[PDB]
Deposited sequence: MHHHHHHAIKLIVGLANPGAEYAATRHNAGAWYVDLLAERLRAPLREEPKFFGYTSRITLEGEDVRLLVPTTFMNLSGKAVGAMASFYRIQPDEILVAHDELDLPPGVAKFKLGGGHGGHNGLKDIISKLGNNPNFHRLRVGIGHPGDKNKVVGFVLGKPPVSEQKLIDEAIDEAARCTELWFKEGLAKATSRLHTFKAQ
């Protein structure tokens, strides 16, 4: 079972609407659907909560470390609760998929994403955790710290809603079934 779901971001009103916060947008939507609002917990250097998906603890995290220091929060929380890397799901913005599309992945490279790079480092040079890749398209620093136009934002919002519904499906019926639904979303 997945025990910890992380949404990557930078802190403050300044960055709230920028592309590099797409992972946090997904964790915030999930927390609302499951009636478990996030609150500040300085022990783990971020906002946190706890939900249930029939019928075990799932913990939620959005770091306030700044993006390139994300591993500090993920490392501290996983070590405290004795959670293994294959029990972690990390949601992040993905340049190599278009707005409107999202995918699940286990392991692999960081794809240039310096939040992922810091988590791989702080888990012990270990990339073997799960990811939700939320498509934002290609442009880069100005791009990932920029705000999408309205047309692109609507498509990202569509993909995040489908990904939340497919995360609930993963807990009910398995990763294979959840993957079949999510990956065929725009391939129809």
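Peer 1: In sequence order, which deposited residues have no C-alpha?
Peer 2: Gaps vs deposited seq, in order: 1 to 7, 147 to 151.
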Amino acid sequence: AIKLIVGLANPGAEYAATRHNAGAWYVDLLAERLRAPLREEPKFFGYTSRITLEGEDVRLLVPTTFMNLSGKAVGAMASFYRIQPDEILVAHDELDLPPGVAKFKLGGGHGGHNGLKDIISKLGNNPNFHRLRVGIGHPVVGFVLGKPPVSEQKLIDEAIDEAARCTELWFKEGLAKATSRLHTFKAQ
From here on, numbers count along this sequence of modelled residues.
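Peer 1: Higher average CA B factor in the deposited record is what I'm after, so tell me if that's 127 to 135 or 40 to 48.
Peer 2: Of 40 to 48 and 127 to 135, the stretch with the higher C-alpha B-factor average is 40 to 48.
Peer 1: Could you settle it for me: does 106 to 114 or 69 to 77 have the higher average Cα B factor in the PDB entry?
Peer 2: Between 106 to 114 and 69 to 77, it is 106 to 114.
Peer 1: Out of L61, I120, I160, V140, whose C-alpha atom has the biggest B factor in the entry?
Peer 2: The record points to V140.
Peer 1: Lowest, middle or highest third: where is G12 by C-alpha B factor in its chain?
Peer 2: For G12, the deposited C-alpha B-factor lands in the highest third.
Peer 1: For the chain shown, is the CA B-factor of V6 in the lowest, middle or highest third of its modelled residues?
Peer 2: For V6, the deposited C-alpha B-factor lands in the lowest third.
Peer 1: With respect to C-alpha B-factor, does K177 fall in the lowest, middle or highest third of the chain as deposited?
Peer 2: As the PDB entry reports it, the C-alpha B-factor of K177 lands in the highest third of its chain.
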